[PDB]
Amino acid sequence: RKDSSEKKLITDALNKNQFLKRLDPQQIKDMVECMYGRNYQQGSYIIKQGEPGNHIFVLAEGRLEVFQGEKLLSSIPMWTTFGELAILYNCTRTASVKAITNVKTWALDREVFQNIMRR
């Protein structure tokens, strides 16, 4: 699915996330190899506040904004991990994440994220 170049970009994105610094390099490597590409059209939501957390994402291309309601929280820089809170802490999505342009993410599903933690 990915060359060494993309694997390195995703790896760095995951390693920079404060809540993921706990994981071993083997766990990160496993996440990377398992991640799958998903595109989103402009104006669609990658994440909706209040939903369960079924995926963790890395922004690979395009622009994303984080919202509570109509209120803007943050612009997600390229190669940033997001959607991790609801996964790690068994909570609901804390905010919505909207596609400001057409977007590509790398995504990992929740159960896999935990199978990897079960290795």
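Residue numbers here begin at 1 and follow the sequence given.
The PDB entry records a higher mean C-alpha B factor for 22-30 than for its counterpart among 22-30 and 35-43. Remark: stretch with higher mean C-alpha B factor among 6-14 and 101-109 is 6-14. Out of 84, 70, 61, 51, it is 70 whose C-alpha atom has the highest B-factor in the PDB entry. Remark: residue 92 belongs to the middle third of its chain, ranked by C-alpha B-factor as recorded.
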